[PDB]
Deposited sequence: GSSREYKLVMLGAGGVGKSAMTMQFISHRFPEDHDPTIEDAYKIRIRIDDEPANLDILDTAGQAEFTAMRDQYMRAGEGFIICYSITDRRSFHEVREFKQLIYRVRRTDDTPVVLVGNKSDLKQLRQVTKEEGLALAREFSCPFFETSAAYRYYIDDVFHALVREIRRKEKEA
């Protein structure tokens, strides 16, 4: 039983992601102030588990064992902001190497990318971190992210 925290600028898809993950549903635009927390049972490689995800609105962060930091490939400011999210996990859980998974959401808005995939991969080498592009819109790559976060909780 593992508690994970989604971190990210407003509007990048933390919510659409968490909900595509937990119940295979996209919310087109969801009350943005609602920081939800969603307990679910899943099965990871199988060795199967329970995760309590805090979906943040961009202090249950003392107790958080894992972070998904999220940006939108369409929004460089969101991406630069992953670096403030970074030094928050550190001021808080307190080292240089918490379990962390870096994600660029909205990969489906490819005509509108302001952020390259090698940029994301290079921020991920900073954290030493797995890195993913997802589209929550189309549930693309969404399981992989949460399952990799789980494998860094347990590899640490």
{"property": "Regions left out of the model, expressed as runs of the deposited sequence counted from 1", "result": "1-4, 63-71, 170-173"}
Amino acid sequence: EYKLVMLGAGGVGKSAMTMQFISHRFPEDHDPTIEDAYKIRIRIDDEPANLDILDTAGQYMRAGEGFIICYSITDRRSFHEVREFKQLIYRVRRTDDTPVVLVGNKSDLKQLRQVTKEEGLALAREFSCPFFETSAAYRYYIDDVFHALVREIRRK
From here on, numbers count along this sequence of modelled residues.
query	finding
Mean C-alpha temperature factor, higher of 135-143 and 16-24	16-24
Average Cα temperature factor in the PDB entry - higher stretch of 41-49, 124-132	41-49
Identity of residue with top Cα B-factor, from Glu65, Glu119, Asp108, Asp97	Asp97
Chain third (lowest, middle, highest) by recorded CA B-factor, residue given as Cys70	lowest
For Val103, the third of its chain into which the C-alpha B factor falls	lowest
